[PDB]
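A.B. asks: Can you keep this structure in mind? I'll have questions shortly.
Please note: Cβ atoms are built from the backbone with ideal geometry, for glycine as well, and neighbour counts cover all protein chains shown. Computed from the coordinates by the stated procedures, all read-outs in this text should not be read as laboratory data.
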Amino acid sequence: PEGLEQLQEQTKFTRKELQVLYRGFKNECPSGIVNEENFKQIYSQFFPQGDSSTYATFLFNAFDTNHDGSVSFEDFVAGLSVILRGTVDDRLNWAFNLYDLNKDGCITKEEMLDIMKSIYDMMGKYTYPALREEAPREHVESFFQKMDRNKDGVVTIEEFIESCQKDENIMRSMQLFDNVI
Amino acid sequence: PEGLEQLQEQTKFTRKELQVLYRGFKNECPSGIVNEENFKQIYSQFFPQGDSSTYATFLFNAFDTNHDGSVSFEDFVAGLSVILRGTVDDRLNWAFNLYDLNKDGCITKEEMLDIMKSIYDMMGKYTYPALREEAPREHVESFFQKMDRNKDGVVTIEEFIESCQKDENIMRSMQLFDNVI
Amino acid sequence: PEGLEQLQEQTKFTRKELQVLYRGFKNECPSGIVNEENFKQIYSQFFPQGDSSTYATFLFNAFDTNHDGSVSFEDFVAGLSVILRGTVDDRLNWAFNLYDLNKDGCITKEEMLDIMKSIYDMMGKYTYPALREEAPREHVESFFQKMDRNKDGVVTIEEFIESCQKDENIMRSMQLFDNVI
Amino acid sequence: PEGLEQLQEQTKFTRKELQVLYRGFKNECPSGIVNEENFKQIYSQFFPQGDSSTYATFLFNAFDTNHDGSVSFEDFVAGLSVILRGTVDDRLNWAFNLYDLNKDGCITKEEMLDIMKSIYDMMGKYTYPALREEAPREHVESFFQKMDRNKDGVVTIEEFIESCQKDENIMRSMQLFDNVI
Amino acid sequence: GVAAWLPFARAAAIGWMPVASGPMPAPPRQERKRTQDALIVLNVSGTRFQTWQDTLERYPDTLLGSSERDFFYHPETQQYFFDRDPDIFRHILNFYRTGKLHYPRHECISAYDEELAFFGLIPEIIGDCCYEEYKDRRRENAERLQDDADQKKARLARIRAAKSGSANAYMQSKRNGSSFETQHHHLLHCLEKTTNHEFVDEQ
Amino acid sequence: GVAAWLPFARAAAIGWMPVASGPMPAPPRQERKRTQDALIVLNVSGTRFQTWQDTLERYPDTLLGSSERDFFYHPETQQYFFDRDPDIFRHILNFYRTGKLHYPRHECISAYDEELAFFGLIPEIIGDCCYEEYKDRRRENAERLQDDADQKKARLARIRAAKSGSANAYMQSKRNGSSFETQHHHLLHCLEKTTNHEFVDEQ
Amino acid sequence: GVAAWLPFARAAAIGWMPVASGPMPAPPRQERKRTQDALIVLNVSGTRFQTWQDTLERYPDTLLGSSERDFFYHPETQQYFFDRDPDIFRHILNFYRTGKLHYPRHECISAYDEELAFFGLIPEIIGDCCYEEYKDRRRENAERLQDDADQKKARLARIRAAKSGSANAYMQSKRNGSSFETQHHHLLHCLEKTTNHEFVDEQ
Amino acid sequence: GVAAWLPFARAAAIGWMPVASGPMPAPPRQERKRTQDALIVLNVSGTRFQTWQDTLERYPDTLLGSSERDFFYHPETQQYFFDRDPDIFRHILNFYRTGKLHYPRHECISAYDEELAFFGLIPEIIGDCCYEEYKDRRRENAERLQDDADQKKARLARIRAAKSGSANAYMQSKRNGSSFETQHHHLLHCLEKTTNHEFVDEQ
Ligand SMILES: [Ca+2]
Ligand SMILES: [Ca+2]
Ligand SMILES: [Ca+2]
Ligand SMILES: [Ca+2]
Ligand SMILES: [Ca+2]
Ligand SMILES: [Ca+2]
Ligand SMILES: [Ca+2]
Ligand SMILES: [Ca+2]
Ligand SMILES: [Ca+2]
Ligand SMILES: [Ca+2]
Ligand SMILES: [Ca+2]
Ligand SMILES: [Ca+2]
Ligand SMILES: [Zn+2]
Ligand SMILES: [Zn+2]
Ligand SMILES: [Zn+2]
Ligand SMILES: [Zn+2]
């Protein structure tokens, strides 16, 4: 278990912020580590009208860097520091790694299909327009035709980045939400 | 449940007075509301030589304005503010509404008979002069011949008021008791 | 139960002294009063080599002025104030009343025999000189030939007093022990 | 049980040091005294790779001066004051008395053999060079050929002392370890 | 419910953020000094309990989680005071910290239920670890209450003796011619003057 | 008993007020600063209990509700100190707050009864929730006491050994030639001088 | 483990000191003000516990014995604060003082195990005095949990009602157009904007 | 034992005073400021207990009644500190206040006996109200201890694993080349230098 001083010098959180984060983390996980199932149970209760299990699995794999099957407080604050306190490029790299399931270095259409299926599973089966059973497919199509630039059937980190900086709404979303907290 | 600030701006009690009233109310009614039976049980133990159940029913109906069958702390302090802190006309209106059982706008002789029966039930069955079984009837007669002015067999709010201001003893009773506390 | 202020104005003890006395009295007698048997049980454990039961009975009768069969804190501090804080004549009157069993106004030889039997019962059955079984008798004789002056076979309060002031050792004993505490 | 002030005036420890020592002693021995078996149980857990029982017996006999079969806090701090706070000659006398099992005034080769057997029992049965089963014998030989000066087959307190002051390493060991704590 | 992992969920939204097609809403101001490091004091009958304010905010609709708490605040001492039982309040507070309510077997079920009702806790939130114990104890106490409803006479004699003593105390006050007693006797005298009748001694 | 709803009853008298025929009595002065916001401290063996003064005034004829309480006040610290058991005092105080007395099953019945007697509480005020439990425990402890009245010899030997030790301590004090011990030995020496006899060692 | 007799063992080394053949190592500096007379304060939910720092250092690999404790230190008040149960913390602290863990029979086994897990104590360190009691209670609670795994439907209905209430609260917030509720609703609105779909009321 | 009625006995001596034939001894000086209004503080693991000094002086030959208490005094804070269990200390203090010792049924008998031994209380002073309970519990715990003497192997494996871990920790310290650990490793290195032998890793 990394100490408070080492976490202070590694992450971008202050001593008070790390203490509050540890307080909450241990209040939910008294053992100091969380497995995938307890992680899903924690994450689900923010989405009372959908199924967040698949997206929670993606998050757990992304956060648990050393692939121990357990997210420790170190994994927790490392990921939270990269997302909440990192630069826009750091967040974009984190999101790209989330999408790239095999971590090979590219995003295929089926990889993005898994991600959008996980995201739409939170919308629930009883939504306003329809449960079209194809909205993730065409959303993947839109994401590719926006992100991909050489039209090679895949998304690379360069195209992901440059397409992201070419979208003002993405900038607004990055600066506002992940910096207010 | 109305907050402390809203009750402060609605009633005429201070923050300390409302806090003391809430403390006592919740000490007797932990749920924060009181039904007719618990209300009777509370009110009876101030009258250890009589039966206050009928007068307690009248009080419960008068205090419970929204006719929910329950007196909340809001009902409680609204009534207490009208009686203890209101003007003499406010208290007189409250008493007239207590007497007018059907709330139609007039007091009949049978309505007053019910009220005096309830009041004399507190005197108990073992009193000094006698349990004449007719004292409420002649007390209603005296009340009508004092209050009623057009002798129509009924009491209206105008006659009630003006007859009340024409009785110095009623003024002494209003100013002293309902303002000392 | 007499209050602290009334006991302050009745006895000669201060508020602190009365509080300490009440603390001890209630520590031994939580009910606030003591009967003859509990009184004996309390008094005996100051005399681990004798039998103090008879002298304890005499003390209980002397302290319990209203003859309720119970010594209250009022009896307790009244007696303690007369003995510890009263004048030499007050103490002498208290002792004379202790000796005069029937409270008639005189001390006979058999009354004094009962007192000296009670006192010698504390000495125990295993003492230095002997358990002569007649020492109380001759001690009564000495007490009478010292106290009695008209040789009428009885001791009156006048002879008791004047003979007491004519004994310097009695003065030393009165001033020292009952004033140090 | 000797008081804190008497132990202060007897030993060379301050009030704070004696209080800390008593705190620890009573934390291990709530009764305030320790027998040989509990003493062994306490001492063993500093040597997790050997058997300290024989050396612990020697220590218990040396510390328990009055031969009550029990080491009290007085025995404890008396020995600790002689060792930790005494002069080099005081420590040397204490060690010589530890070696002289019969306390006659001399150290024989078999007495030293018992001591070195006890010391080597802490080394354990699984050590680096070997469990030669004769190392204590030749260590006794070396100790005698260093300490004994008249070669009489025995060690006296004079030879022990003078040989000790003639060894600089022994001085370094005495001054450093038994004075830092 | 779980506000500790809310920043984690807000951060996890970063996986949604790039794939969204369209704008995003305005983030909340959240300008309340982060509502952190409060450590409010709940004084229950002289026993100090300390807790984070957000811990209490985890469960609104209860006394401690709502603005009803304000009725018990003492600005002079900067603490909330409750004239309640502190031992049961320990379990009340543990509920906020964990989300589950435990039932102490050594306490009276009536006292426990009264403390639950006072603080707005519903007995159905008792965890399965303690629910069978609580249900059994509540069943015994319901059985006692029903057996009484359908040795009570000692209680009835005691309450009648209490009313007789109150009436006699008022009569002795009248004969002579304790703030509560004085105001209550004034109310009884007002009742006398209302009915023009006077009470008399029962014996 | 219930002083919290007394202002409610006084207000409810307004229904009597107009129909009365004749004058009304003089209302009480009640000039005691409303006896509110006191929050007195009861220090029981170092444990601080806090309560409203009117809560204690609800039940006179008990120690805490009467002027007997004044015997335990410490003006220097502005608190009442009781050298009693605080855990049982919790139930003592709960009685004032609710009117009912609960019996803790985990405490000795003798200790509980001694604390009840000290504070002037009668065991018949125990609520029906706890009365059967209390009665059963009191029955077992009465059975033990009666079985003793009609293994005691260990107690008898211990008390005789204690008296022998006290006598021997006084004899050793005499041989030598702890304020309590000194005053007690002075009293025993005074008894010796009174009877002109001296004690001797039993062995 | 036992640091109190460590000076005794270091002194006892004096029997080794003369018979050694060869030099001796360098003694440790130990320049930390002897780490004595600390008396640190552990504030558990408002209850002050005090202990020597070396007592806690006796057992590293636990929360209180390790640097993990630093996560709970409050430099402003110079104390450690724990939002945990103080009654169970008494046994937690007793473990450090004695080395053995006792199990209180009157507490819920689940609460006890959660407090053990929080503070890093392993249930196998419970002393033999309490181990059979603890094992039996844990067996009953495992039996309950397994019987559930293989009256639950009340829990399931309650949790579904809670999710429906949360969804309805978000819908009512949308209709209107509590910091936690505001941030959570913002997150849900962000999810809506991500999927270009909106929620609708279930009824 | 009972110093509260000692002034009463000294006053009662006035019945002896006149009938004595001969002089009287010199009364004690008793110049110690009456040893009253002390109210000393016994801090047990952060829990404040307060008592009169004479209450503790009632029973010498125990820790609190003797000068042994001085070993636990903290002149800086003007209080006695004990690193013991406060819940059992409540009964310890109740013994001084009443003279009888009660046994709490909910506490472990081993912990209770250890606290009795620490404070110098003999189990034979337990009152008859609690003696049968205490004797039965002590009998069960003796039965367990004897059954062990004549599932232990888990304890034996744990202690052997602990010794192996300590030896491995010292070996790893040697390989690298926590004040207690440093001093203990220095002592082990001194033992090595004494015997001219070195330890080796068990695996
Ligand atoms: Ca990990
Ligand atoms: Ca890929
Ligand atoms: Ca591409
Ligand atoms: Ca209403
Ligand atoms: Ca009408
Ligand atoms: Ca009319
Ligand atoms: Ca009397
Ligand atoms: Ca006579
Ligand atoms: Ca004569
Ligand atoms: Ca010894
Ligand atoms: Ca020899
Ligand atoms: Ca030689
Ligand atoms: Zn539970
Ligand atoms: Zn109950
Ligand atoms: Zn145990
Ligand atoms: Zn008992």
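A.B. asks: Could you tell me the calculated FRET efficiency between A:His67 and H:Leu156, based on Cβ-Cβ distance and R0 = 60 angstrom, to the nearest 0.05? Before the final figure, lay out each step's value.
C.D. replies: On the way: r = 37 Å, r/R0 = 0.62.
Plugging the Cβ-Cβ distance into 1/(1 + (r/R0)^6) gives 0.95.
A.B. asks: I need the Debye-formula profile for the protein assembly as shown: one equal scatterer per C-alpha, no solvent, reported as log10 I(q)/I(0) at q = 0.04, 0.08 1/Å, two decimals.
C.D. replies: -0.39, -1.24
A.B. asks: Toward the positive end of the charge dipole of the protein assembly as shown, about the Cα centre and with charges on Cβ (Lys, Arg +1; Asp, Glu -1), which of C:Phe63, C:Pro30, B:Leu7 goes farthest?
C.D. replies: After comparing all options, I get B:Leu7.
A.B. asks: Let me ask you something else. Quick one: with label points 7 Å out along Cα→Cβ, list the inter-copy distances for H:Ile159 in nm, shortest first?
C.D. replies: Nearest first, the other copies' label points are 4.5, 4.5, 6.4 nm away.
A.B. asks: Could you tell me the number of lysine pairs in chain D with C-alpha atoms less than 16 Å from each other, where the two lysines are 8 or more residues apart or belong to different chains? Let's see the in-between values first.
C.D. replies: Details: D:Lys16/D:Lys26; D:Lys109/D:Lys117; D:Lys109/D:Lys146; D:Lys109/D:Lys151; D:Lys117/D:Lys125; D:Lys146/D:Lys166.
For chain D, the number of qualifying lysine pairs is 6.
A.B. asks: Consider the operator that turns chain G into chain E: which G residue has a Cβ nearest its axis, and what is that gap in Å?
C.D. replies: Closest to the rotation axis on chain G: G:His106, 3.
A.B. asks: Quick one: order D:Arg91, B:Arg137 by neighbouring beta-carbon count within 10 Å, fewest to most. Please report the intermediate quantities before stating the final value.
C.D. replies: Values: D:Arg91 21, B:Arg137 14.
So the ranking, lowest neighbour count to highest, is B:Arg137, D:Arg91.
A.B. asks: Can I ask one more? Could you put C:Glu37, G:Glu31 in order, starting from the residue whose Cβ has the fewest other Cβ atoms within 10 Å?
C.D. replies: On the way: C:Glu37 11, G:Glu31 7.
Going from sparsest to densest Cβ surroundings: G:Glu31, C:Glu37.
A.B. asks: Can you give the mean number of other chain Cβ atoms that lie within 10 Å of the Cβ atoms in peptide C:118-128? Each step should come with its number before you reach the end.
C.D. replies: Working: counts 1, 7, 5, 1, 7, 8, 5, 0, 5, 6, 6.
What the average comes to for C:118-128 is 5.
A.B. asks: If R₀ is 30 angstrom, what is the calculated FRET efficiency for the pair F:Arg34 and B:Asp51, using the beta carbon separation as r and rounding to 0.05? Working shown, then result.
C.D. replies: Working: r = 32 Å, r/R0 = 1.07.
Efficiency, from the Cβ-Cβ distance: 0.40.
A.B. asks: Checking the a/c ratio against 1.5 first, then a/b against b/c, what shape does the Cα gyration tensor give for the stretch G:129-203?
C.D. replies: Details: a/c = 3.73, a/b = 2.72, b/c = 1.37.
The shape class here is prolate.
A.B. asks: Note down the nm distance, to one decimal, between modelled labels 7 Å out along Cα→Cβ at H:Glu133 and at A:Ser142.
C.D. replies: 7.2 nm
A.B. asks: May I ask you to list the residues of the stretch G:165-203 whose amide nitrogen lies under 18 Å from a point 7 Å from Cα along the Cα→beta-carbon direction of E:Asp61?
C.D. replies: Under 18 Å, as judged by backbone N against the label point of E:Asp61, lie G:165-174, G:178-182, G:184-185, G:202-203 of the stretch G:165-203.
A.B. asks: Any chance you could list the semi-axes, whole Å, largest first, of the equivalent ellipsoid that the Cα gyration tensor gives for the stretch G:1-147, using √(5λ)? Don't skip to the answer; put the middle values down first.
C.D. replies: Numbers: eigenvalues 266, 98, 27 Å².
For the stretch G:1-147, the ellipsoid semi-axes come out as 36, 22, 12 Å.
A.B. asks: Take the Cα atoms of chain C, find their three principal axes, and give me the spread along each one in whole Å, biggest first.
C.D. replies: Rounded to whole Å, the extents work out to 47, 35, 30 Å.
A.B. asks: What is chain B's relative contact order, in percent, from Cα pairs under 8 angstrom and six or more apart in sequence? It would help to have the intermediate numbers written out before the result.
C.D. replies: Numbers: 171 pairs, mean separation 35.8, N = 181.
20 percent.
A.B. asks: Could you compute the FRET efficiency for B:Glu158 and E:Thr77, with r as their C-beta to C-beta distance and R0 at 51 Å, rounded to 0.05?
C.D. replies: Numbers: r = 52 Å, r/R0 = 1.02.
After rounding to 0.05, the efficiency reads 0.45.
A.B. asks: Now for a separate question. Based on the alpha-carbon gyration tensor of the stretch G:1-64, what equivalent-ellipsoid semi-axes (square roots of 5 times the eigenvalues) come out, in whole Å, largest first? Numbers along the way, then the final one.
C.D. replies: Values: eigenvalues 247, 27, 22 Å².
Listed largest to smallest, the semi-axes of the stretch G:1-64 are 35, 12, 10 Å.
A.B. asks: Given the rule -39500 (n - 2.57) for each run of at least 4 DSSP H residues, summed and divided by the residues of chain F, what is its mean residue ellipticity at 222 nm, to the nearest 500 deg cm²/dmol? Provide the component values of the computation, followed by the final result.
C.D. replies: Working: 7 runs with 99 residues, N = 203.
It lands at -16000 deg cm²/dmol.
A.B. asks: Count, for each residue of B:50-57, the Cβ atoms from other chains sitting within 10 Å of its Cβ, then give me the mean as a whole number.
C.D. replies: Details: counts 6, 0, 3, 0, 0, 3, 1, 0.
Taking all residues of B:50-57 together, the mean is 2.
A.B. asks: Sort out for me the Cα centre separation of the stretch H:1-74 from the stretch G:22-63, rounded to whole Å.
C.D. replies: 38 Å
A.B. asks: Pairs of alpha-carbon atoms within less than 8 angstrom and 6+ residues apart define the contacts here; what relative contact order does the stretch A:7-76 have, in percent?
C.D. replies: On the way: 48 pairs, mean separation 21.6, N = 70.
The normalised contact order for the stretch A:7-76 reaches 31 percent.
A.B. asks: How would you rank E:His102, E:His197, H:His184, going from fewest to most other Cβ atoms within 10 Å of each one's own Cβ?
C.D. replies: Working: E:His102 22, E:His197 19, H:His184 25.
If I rank by nearby Cβ atoms, fewest first, I get E:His197, E:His102, H:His184.
A.B. asks: Separate question: From the label point of A:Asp167, set 7 Å from Cα along Cα→Cβ, how far away are the matching label points in the other copies, in nm, ordered shortest to longest?
C.D. replies: Nearest first, the other copies' label points are 8.2, 8.2, 11.6 nm away.
A.B. asks: Another question, if that's okay. Output, in nm with one decimal and in ascending order, the distances from the E:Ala117 label point to the matching label points of the other copies (7 Å from Cα along Cα-to-Cβ).
C.D. replies: Copy-to-copy label distances for E:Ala117: 3.5, 3.5, 5.0 nm.
A.B. asks: Averaged over peptide B:39-47, how many Cβ atoms belonging to another chain are found within 10 Å of each residue's Cβ?
C.D. replies: Numbers: counts 2, 0, 0, 5, 5, 1, 8, 13, 8.
Per-residue shielding by partner chains comes out at 5.
A.B. asks: I would also like to ask the following. Let me know the shape class of the stretch B:120-179, please: from the alpha-carbon gyration tensor, a ≥ b ≥ c as square roots of the eigenvalues, rounded when a/c is under 1.5, otherwise prolate if a/b is greater than b/c, or oblate. If you can, show how the numbers build up before the last one.
C.D. replies: Numbers: a/c = 3.02, a/b = 1.32, b/c = 2.28.
Oblate shape, in that a/c is at least 1.5 and b/c is the bigger or equal ratio.
A.B. asks: Further question on the same structure: For the pair F:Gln203/B:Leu113, report the inter-label distance in nm, with labels modelled 7 Å from Cα in the Cβ direction.
C.D. replies: Going from the F:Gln203 label point to the B:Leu113 one covers 9.6 nm.
A.B. asks: Taking the Cα centroid of the stretch A:40-97 and of the stretch C:67-99, what is the distance between the two, rounded to the nearest whole Å?
C.D. replies: The distance from the Cα centre of the stretch A:40-97 to that of the stretch C:67-99 comes to 86 Å.
A.B. asks: I want to check the label-to-label distance for A:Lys125 and B:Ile181. Put each point 7 Å from Cα in the C-beta direction and report it in nm to one decimal.
C.D. replies: If labels sit at A:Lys125 and B:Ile181, their model points lie 6.2 nm apart.
A.B. asks: What share of the DSSP beta bridges in the protein assembly as shown is antiparallel, in percent to the nearest 5?
C.D. replies: 75 percent
A.B. asks: Put +1 on the Cβ of every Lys and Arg and -1 on every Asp and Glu Cβ in chain F; which of F:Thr55, F:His186, F:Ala167 then has its Cα farthest towards the positive end of the dipole?
C.D. replies: With unit charges placed on the Cβ atoms, the residue in question is F:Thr55.
A.B. asks: For the stretch B:150-176 and the stretch H:111-135, write down the distance between their C-alpha centroids in whole Å.
C.D. replies: The stretch B:150-176 and the stretch H:111-135 have Cα centres spaced 76 Å from each other.
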